[PDB]
$ cat run_35.cif   # mmCIF, C-alpha atoms; chains and numbers go by the auth columns
data_structure
loop_
_atom_site.group_PDB
_atom_site.id
_atom_site.type_symbol
_atom_site.label_atom_id
_atom_site.label_comp_id
_atom_site.label_asym_id
_atom_site.label_seq_id
_atom_site.Cartn_x
_atom_site.Cartn_y
_atom_site.Cartn_z
_atom_site.B_iso_or_equiv
_atom_site.auth_seq_id
_atom_site.auth_asym_id
ATOM 1 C CA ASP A 1 -8.687 -12.724 -6.091 0.00 1 A
ATOM 2 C CA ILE A 2 -4.974 -13.289 -6.718 0.00 2 A
ATOM 3 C CA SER A 3 -4.010 -9.869 -5.439 0.00 3 A
ATOM 4 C CA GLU A 4 -4.135 -8.156 -2.091 0.00 4 A
ATOM 5 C CA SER A 5 -6.630 -8.762 0.690 0.00 5 A
ATOM 6 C CA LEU A 6 -9.854 -6.480 0.440 0.00 6 A
ATOM 7 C CA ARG A 7 -10.203 -3.708 3.063 0.00 7 A
ATOM 8 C CA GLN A 8 -6.484 -3.067 2.987 0.00 8 A
ATOM 9 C CA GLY A 9 -5.619 -4.773 -0.263 0.00 9 A
ATOM 10 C CA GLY A 10 -8.336 -2.858 -1.999 0.00 10 A
ATOM 11 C CA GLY A 11 -8.493 0.634 -0.744 0.00 11 A
ATOM 12 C CA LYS A 12 -5.718 2.132 1.266 0.00 12 A
ATOM 13 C CA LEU A 13 -2.391 1.211 2.899 0.00 13 A
ATOM 14 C CA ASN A 14 -1.551 2.021 6.492 0.00 14 A
ATOM 15 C CA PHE A 15 1.244 0.667 8.701 0.00 15 A
ATOM 16 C CA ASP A 16 -1.340 -0.799 11.094 0.00 16 A
ATOM 17 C CA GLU A 17 -3.772 -1.481 8.271 0.00 17 A
ATOM 18 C CA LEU A 18 -1.142 -2.615 5.696 0.00 18 A
ATOM 19 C CA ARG A 19 -0.644 -5.415 8.137 0.00 19 A
ATOM 20 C CA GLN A 20 -4.053 -6.649 7.046 0.00 20 A
ATOM 21 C CA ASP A 21 -2.220 -7.405 3.915 0.00 21 A
ATOM 22 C CA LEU A 22 1.035 -8.564 5.529 0.00 22 A
ATOM 23 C CA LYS A 23 -0.206 -9.582 9.026 0.00 23 A
ATOM 24 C CA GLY A 24 2.648 -11.139 10.872 0.00 24 A
ATOM 25 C CA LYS A 25 6.163 -10.542 9.755 0.00 25 A
ATOM 26 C CA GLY A 26 8.146 -8.304 11.984 0.00 26 A
ATOM 27 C CA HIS A 27 8.872 -8.318 15.668 0.00 27 A
ATOM 28 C CA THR A 28 7.918 -5.031 17.258 0.00 28 A
ATOM 29 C CA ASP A 29 5.875 -2.300 15.456 0.00 29 A
ATOM 30 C CA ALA A 30 8.794 0.084 16.030 0.00 30 A
ATOM 31 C CA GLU A 31 11.111 -2.061 13.982 0.00 31 A
ATOM 32 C CA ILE A 32 8.690 -2.385 11.124 0.00 32 A
ATOM 33 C CA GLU A 33 7.511 1.173 11.318 0.00 33 A
ATOM 34 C CA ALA A 34 11.049 2.524 10.967 0.00 34 A
ATOM 35 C CA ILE A 35 12.272 -0.078 8.452 0.00 35 A
ATOM 36 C CA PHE A 36 9.502 0.659 5.981 0.00 36 A
ATOM 37 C CA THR A 37 10.129 4.381 6.154 0.00 37 A
ATOM 38 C CA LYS A 38 13.454 3.813 4.462 0.00 38 A
ATOM 39 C CA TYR A 39 12.932 0.484 2.592 0.00 39 A
ATOM 40 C CA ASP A 40 9.144 0.517 1.886 0.00 40 A
ATOM 41 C CA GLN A 41 7.953 1.432 -1.549 0.00 41 A
ATOM 42 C CA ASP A 42 6.309 4.607 -0.379 0.00 42 A
ATOM 43 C CA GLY A 43 7.885 4.990 3.080 0.00 43 A
ATOM 44 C CA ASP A 44 4.494 6.312 4.122 0.00 44 A
ATOM 45 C CA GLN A 45 2.432 3.242 5.092 0.00 45 A
ATOM 46 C CA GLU A 46 -0.512 4.829 7.048 0.00 46 A
ATOM 47 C CA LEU A 47 -2.497 6.651 4.310 0.00 47 A
ATOM 48 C CA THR A 48 -6.192 6.120 3.661 0.00 48 A
ATOM 49 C CA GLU A 49 -8.017 6.292 0.303 0.00 49 A
ATOM 50 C CA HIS A 50 -9.403 9.629 1.483 0.00 50 A
ATOM 51 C CA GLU A 51 -5.929 11.009 2.092 0.00 51 A
ATOM 52 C CA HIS A 52 -4.534 9.452 -1.071 0.00 52 A
ATOM 53 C CA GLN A 53 -7.418 11.096 -2.909 0.00 53 A
ATOM 54 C CA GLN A 54 -6.180 14.526 -1.956 0.00 54 A
ATOM 55 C CA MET A 55 -2.378 14.166 -1.855 0.00 55 A
ATOM 56 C CA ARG A 56 -0.449 12.417 -4.614 0.00 56 A
ATOM 57 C CA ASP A 57 -1.178 12.338 -8.209 0.00 57 A
ATOM 58 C CA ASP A 58 -0.022 8.985 -9.625 0.00 58 A
ATOM 59 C CA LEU A 59 -2.526 8.484 -12.414 0.00 59 A
ATOM 60 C CA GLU A 60 -2.295 12.184 -13.261 0.00 60 A
ATOM 61 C CA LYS A 61 1.086 11.274 -14.602 0.00 61 A
ATOM 62 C CA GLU A 62 1.166 7.539 -15.511 0.00 62 A
ATOM 63 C CA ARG A 63 -0.387 5.360 -18.175 0.00 63 A
ATOM 64 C CA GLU A 64 -1.560 1.847 -17.456 0.00 64 A
ATOM 65 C CA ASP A 65 -1.519 -0.919 -20.018 0.00 65 A
ATOM 66 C CA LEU A 66 -4.722 -2.689 -21.024 0.00 66 A
ATOM 67 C CA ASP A 67 -4.646 -5.605 -18.613 0.00 67 A
ATOM 68 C CA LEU A 68 -7.379 -7.924 -17.350 0.00 68 A
ATOM 69 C CA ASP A 69 -6.768 -8.589 -13.595 0.00 69 A
ATOM 70 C CA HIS A 70 -3.484 -10.163 -12.511 0.00 70 A
ATOM 71 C CA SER A 71 -1.044 -11.675 -14.955 0.00 71 A
ATOM 72 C CA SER A 72 2.312 -12.098 -13.414 0.00 72 A
ATOM 73 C CA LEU A 73 4.042 -14.762 -15.437 0.00 73 A
#
$ encode --input "run_35.cif" --output "structure tokens"
Amino acid sequence: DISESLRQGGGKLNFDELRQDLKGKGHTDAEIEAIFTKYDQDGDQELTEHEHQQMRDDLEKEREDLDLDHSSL
């Protein structure tokens, strides 16, 4: 509940869809679209779960800790 939205916040991140998470922040899409490419975490922002499924391998090479849900203190 504490974390990201649902359709976006729980599936895939897309520039236009990532907005579902961060709807309303920048001025023109061009500004945000470019800015993220350099400053965004992944510089991709437009990738669905289906595409993510095929392309990168995060968990292939990463170990999560045994957490419960959200716990940012």
$ closest_residue --input "run_35.cif" --among "A:70, A:7, A:12, A:61" --to "residue A:44" --atoms "only C-alpha atoms"
A:12
$ resolve_selection --input "run_35.cif" --expression "the PyMOL selection byres ((chain A and resi 49-52) around 12)" --output "PyMOL selection string"
chain A and resi 7-14+17+42+44-48+53-59
$ residues_around --input "run_35.cif" --residues "residue A:5" --least-positions-apart "6" --cutoff "10 Å" --atoms "all atoms listed in the file" --output "PyMOL selection string"
chain A and resi 11+18+20-22
$ decode --input "run_35.cif" --residues "stretch 40-65 of chain A" --atoms "N, CA and C atoms" --output "compact mmCIF listing (two decimals), in the first residue's frame"
# COMPACT_ATOMS: atom_id res chain seq x y z
N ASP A 40 17.25 9.70 -15.15
CA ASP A 40 16.41 8.60 -14.61
C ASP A 40 17.27 7.43 -14.23
N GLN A 41 16.76 6.64 -13.31
CA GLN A 41 17.42 5.46 -12.83
C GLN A 41 17.78 4.52 -13.96
N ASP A 42 16.84 4.27 -14.86
CA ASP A 42 17.12 3.34 -15.93
C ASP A 42 17.26 4.01 -17.26
N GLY A 43 16.90 5.30 -17.35
CA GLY A 43 17.00 6.04 -18.63
C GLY A 43 16.21 5.39 -19.76
N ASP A 44 15.34 4.47 -19.41
CA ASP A 44 14.55 3.74 -20.37
C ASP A 44 13.15 4.24 -20.38
N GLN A 45 12.46 4.08 -19.22
CA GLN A 45 11.11 4.62 -18.94
C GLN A 45 10.20 4.51 -20.16
N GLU A 46 9.61 3.32 -20.36
CA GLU A 46 8.73 2.96 -21.51
C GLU A 46 8.71 1.42 -21.72
N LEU A 47 9.08 0.66 -20.70
CA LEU A 47 9.24 -0.80 -20.88
C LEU A 47 8.17 -1.57 -20.11
N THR A 48 7.46 -2.48 -20.77
CA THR A 48 6.43 -3.22 -20.12
C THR A 48 7.01 -4.46 -19.43
N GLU A 49 6.20 -5.12 -18.59
CA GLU A 49 6.57 -6.32 -17.88
C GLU A 49 6.96 -7.38 -18.90
N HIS A 50 6.27 -7.37 -20.05
CA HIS A 50 6.54 -8.36 -21.09
C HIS A 50 7.90 -8.13 -21.70
N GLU A 51 8.28 -6.88 -21.84
CA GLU A 51 9.59 -6.55 -22.43
C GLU A 51 10.70 -6.78 -21.41
N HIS A 52 10.42 -6.40 -20.18
CA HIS A 52 11.32 -6.56 -19.05
C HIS A 52 11.60 -8.05 -18.83
N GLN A 53 10.57 -8.86 -19.08
CA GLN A 53 10.66 -10.30 -18.96
C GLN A 53 11.74 -10.87 -19.85
N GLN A 54 11.86 -10.33 -21.03
CA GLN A 54 12.80 -10.84 -22.02
C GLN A 54 14.20 -10.23 -21.85
N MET A 55 14.25 -8.93 -21.63
CA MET A 55 15.51 -8.17 -21.76
C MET A 55 16.52 -8.26 -20.61
N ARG A 56 16.37 -7.50 -19.55
CA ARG A 56 17.39 -7.51 -18.53
C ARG A 56 17.21 -8.57 -17.52
N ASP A 57 18.27 -8.85 -16.89
CA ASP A 57 18.36 -9.91 -15.93
C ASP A 57 18.84 -9.34 -14.60
N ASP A 58 17.93 -8.76 -13.83
CA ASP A 58 18.31 -8.14 -12.54
C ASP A 58 18.47 -9.20 -11.49
N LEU A 59 17.44 -10.00 -11.34
CA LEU A 59 17.37 -11.00 -10.25
C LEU A 59 18.28 -12.18 -10.56
N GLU A 60 18.68 -12.30 -11.84
CA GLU A 60 19.63 -13.32 -12.24
C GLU A 60 20.92 -13.10 -11.47
N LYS A 61 21.19 -11.83 -11.17
CA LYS A 61 22.40 -11.41 -10.58
C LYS A 61 22.18 -10.34 -9.49
N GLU A 62 21.48 -10.73 -8.45
CA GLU A 62 21.12 -9.84 -7.31
C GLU A 62 20.44 -10.70 -6.25
N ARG A 63 20.70 -10.41 -5.01
CA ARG A 63 20.07 -11.12 -3.92
C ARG A 63 19.33 -10.18 -2.99
N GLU A 64 18.04 -10.37 -2.88
CA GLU A 64 17.22 -9.57 -1.99
C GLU A 64 17.36 -10.05 -0.55
N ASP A 65 17.09 -9.16 0.36
CA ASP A 65 17.09 -9.46 1.78
C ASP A 65 15.67 -9.94 2.15
